[PDB]
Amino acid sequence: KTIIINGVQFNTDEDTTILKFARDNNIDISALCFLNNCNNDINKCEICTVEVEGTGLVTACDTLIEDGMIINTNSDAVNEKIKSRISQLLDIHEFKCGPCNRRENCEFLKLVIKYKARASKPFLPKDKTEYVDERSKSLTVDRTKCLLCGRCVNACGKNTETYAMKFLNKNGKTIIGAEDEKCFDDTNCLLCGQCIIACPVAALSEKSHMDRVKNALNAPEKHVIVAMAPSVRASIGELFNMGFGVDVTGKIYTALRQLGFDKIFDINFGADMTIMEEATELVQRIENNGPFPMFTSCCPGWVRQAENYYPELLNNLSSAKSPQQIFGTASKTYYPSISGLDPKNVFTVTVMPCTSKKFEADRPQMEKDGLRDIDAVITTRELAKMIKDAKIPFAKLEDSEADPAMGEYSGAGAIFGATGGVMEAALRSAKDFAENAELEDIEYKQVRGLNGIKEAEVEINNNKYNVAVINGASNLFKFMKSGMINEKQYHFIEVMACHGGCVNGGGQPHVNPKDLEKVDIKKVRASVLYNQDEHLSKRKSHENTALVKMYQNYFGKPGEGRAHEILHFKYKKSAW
């Protein structure tokens, strides 16, 4: 194939699109609605317009290169078309970047600046109320920003296969929204936030908890704990121009203290708690021969998936609370027992890579004696905004340490944020528990990485067991519908709704499509976690010294008695 682009001849056997070929050859072509290898098939944005001689204007993102093509990407006709399409979007776009939560990394703004586009008539609604949907505990929509680019809808379909995000005809006008324009929470939506991650503008956002947090911080009598997810320390630096794959754990603890939090703990401590309980449960089921399989229950996207699509599995989920909720439960019981705080005055905040966690935290029964396990959840992005609003020079901060009583963690805990991490951590403990031993071979590499469905055979106490790690909500549907679950007897199955695990969650920093071509975001964020594991002296959850003291002095033996009564949560299917 001979191809001419802007007068440059290429000879190639490649079978690909003009966009991808141009991009591979450092020729600039803009794009908007193209993402995840899909464009918006109905109502194409045409931002990737180029000129093919003899044919006219074509969309480079979905037009294959052909031998003999002569292509101009930067002709006056091309730029005028693209400029026109951007101007048309400005006509339906509340272009007020100042207070906008995507001000610093918005794709549309870059395009507006690049083509010097202007609205015919500026879009300036006075009553945004009709345009905004904040009903959800997790997601919010601001349709004054929406480009109808279809990226949320394609990403929902690809990532989850639920198609909970849809195009809708609302009184004759096209919008995106949930089925029947219901609140997302009241539909089959997993509240995973992959739609947000796909959004080029500030149209989709997380449901804010930042005022819950600020109010508690400013309330004189409130004692505000904060505790961040595994993934936050591998990710948040991205929003402070520190690049990718930077471990900023120490800087976060310092930042959190500068924001005025009263105690700095860590959700990885809660991940060790979850393993203590989950691994103990796994050994129990093995001894009662069932029910099998046991599924993890720590991902609320998956819990919602089970609730909405496989309620028959709800009884197979581990009764262990998730690291978030189990930590929170302890934060209102154990923590007062070792601090003297009145439990009513403890306000527990988590920092998560996740939008679904907001919903988990607000489940009615996720409380005891009137006290919420978790009072607020802020996403990685929300914490980055709080830090920037406070003029905290994050990239310049010195390292500090967590408060150890609910802040220590093992390397088992540290890897939770990657797909296969829970499985690996859980097996490090279950094997030790079952064989009553302290084994030295603790790396389960076969359950790691980005394959959609991963399985392994493991030997526990001289019997074989089958494990699977389901990596992404769409892969959970594949596993079930294809009958894979019936090819053999599965004993323990991990499910994460987000592909890559929590490091790719819905609350994470946006990465623009070009950086994504350049960096494997799932692997690079995950690598921070595995590195921590490798350098920690304690690499099993049950060797966490602070955790051991808590169980010895307060909860007693895992998986029974007081531990079972307050650290566990069971989901029930509705009756016939």
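Residue indices: 1-based, along the sequence shown. Whichever C-alpha set is largest while still superposing within 1.5 Å between the two forms counts as the rigid core.
Fitting each structure in 6 other deposited structures of this protein onto the rigid core and averaging C-alpha distances over structures and residues, 69 to 77 emerges as the more displaced of 362 to 370 and 69 to 77.
Taking 526 to 534 and 53 to 61 in turn, the stretch whose Cα atoms are more displaced from the shown form in 6 other deposited structures of this protein following rigid core superposition is 53 to 61. In this entry, the higher average B-factor at the C-alpha atoms falls on 288 to 296, of the pair 224 to 232 and 288 to 296. Across the two stretches, 246 to 254 and 501 to 509, the PDB entry reports the greater mean Cα temperature factor for 246 to 254. Out of 479, 492, 123, 310, the entry records its largest CA B-factor for 123. In the PDB entry, a CA B factor belonging to the middle third of its chain's modelled residues is recorded for residue 208. Ranked against the other modelled residues of its chain, the C-alpha B-factor of residue 457 as given in the entry falls in the highest third. Among all modelled residues in its chain, residue 87 ranks in the highest third by Cα B-factor. In this PDB entry, the Cα temperature factor of residue 442 sits in the top third of its chain's modelled residues, the highest group. Ranked within its chain, residue 108 lands in the middle third, by CA B factor from the PDB record.
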